[PDB]
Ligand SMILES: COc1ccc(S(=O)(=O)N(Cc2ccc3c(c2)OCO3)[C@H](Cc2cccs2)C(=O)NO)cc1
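Quick setup: one chain, the form deposited without the ligand, written in C-alpha cells, and binding and motion questions come after.
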C-alpha cells in the first residue's frame, strides 16, 4: 500500500527527526536501531533535525494509530510511542508509515489476497479495515506481501483471540502465509520501498 501521492515522498529520501523527551536511554537506542534498519536496506536516510520545516518527532504519547503516512509537510509529524508500543519492530512499522506505506491489507487489490471477516470485527473498529481508494495507492508492480511489516495479524481488532478478522485466500510456497510479523522489514517491503524512493537498481 505505497502512497501514489508524489508530495508524500520525502525529498531525496531524507527524513529529519527529533527524539522527544520522557524516553529512557534504551528506548532512544531502539529508535535509532529502527532508523538504521531502514537505512541499511533502502536509500532512505534519517538526519537529526536542525531547522527543516518538515520532520518526524518520536513523541511520548498513548499507543494507537495513526502516524501520518509519508511527508505531511508544513511542520512536524509525531510518531506516538509509549510503554505498550516501543519495541524495535513496532517502531520499524511506524517508520513504514512515515516512509509512505499504508497498511498492506488496505491495498485497493486486497480482496484478491485476503478475506476480511466482518463477523469478527470488534464493534466500532470496522474503519481499520477500509481499503484505500485506488487513486491513493500505486503498488509499483509489487505483489501483495503477507510478510510485510505493514500487515496486520490474523486477529487484529477481533471480538475473540481465536476469531480471525483477516484470512489469506491462498498458500505461498506450500504453506498458509503467516501474517503480522513485527521482527524486520520483509523482502517485499524493501523491494517496494526502493521503487518508491527510486533507489538505484
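Residues that one form lacks are left out of the comparison. Residue numbers count along the first chain shown, from 1. In this text, the rigid core denotes the largest set of C-alpha atoms whose superposition between the two forms falls within 1.5 Å.
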{"item": "Comparing 7-15 with 179-187, the one whose average Cα B-factor in the PDB entry is higher", "value": "7-15"}
{"item": "Residue stretch of maximal mean CA temperature factor, 91-99 vs 114-122", "value": "114-122"}
{"item": "Which of 59, 148, 165, 50 ranks first by CA B-factor in the deposited coordinates", "value": "50"}
{"item": "Selection from 34, 172, 132, 153 [criterion: highest C-alpha temperature factor in the record]", "value": "172"}
{"item": "Chain third (lowest, middle, highest) by recorded CA B-factor, residue given as residue 199", "value": "highest"}
{"item": "Ranked against its chain, the third holding the CA B-factor of residue 106", "value": "lowest"}
{"item": "CA B-factor placement of residue 77, once the chain's modelled residues are sorted into thirds", "value": "middle"}
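The same protein also exists as the form deposited with the ligand bound; that form is not shown, yet it is the one meant from here on.
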| property | result |
| --- | --- |
| The ligand overlaid from its position in the deposited complex: site open or blocked at 2.4 Å backbone/C-beta | blocked |
| Heavy atom within 4.5 Å of the ligand in the deposited complex - residue from 139, 45, 54, 156 | 156 |
| Candidate from 65, 172, 29, 167 lying within 4.5 Å of the ligand in the deposited complex - any heavy atom | 65 |
| Heavy atom of residue 60 within 4.5 Å of the ligand in the deposited complex | no |
| 4.5 angstroms heavy atom contact with the ligand in the deposited complex for residue 120 | no |
| Contact label in the deposited complex: residue 93 to the ligand, heavy atom within 4.5 Å | yes |
| 4.5 Å heavy atom contact, residue 116 and the ligand in the deposited complex | no |
| Residues within 4.5 Å of the ligand in the deposited complex, restricted to 71-90 and counted by heavy atom | 84, 85, 90 |
| Segments of at least three residues whose Cα atoms shift by 2 Å or more between the shown form and the other one, after superposing on the rigid core | 173-175 |
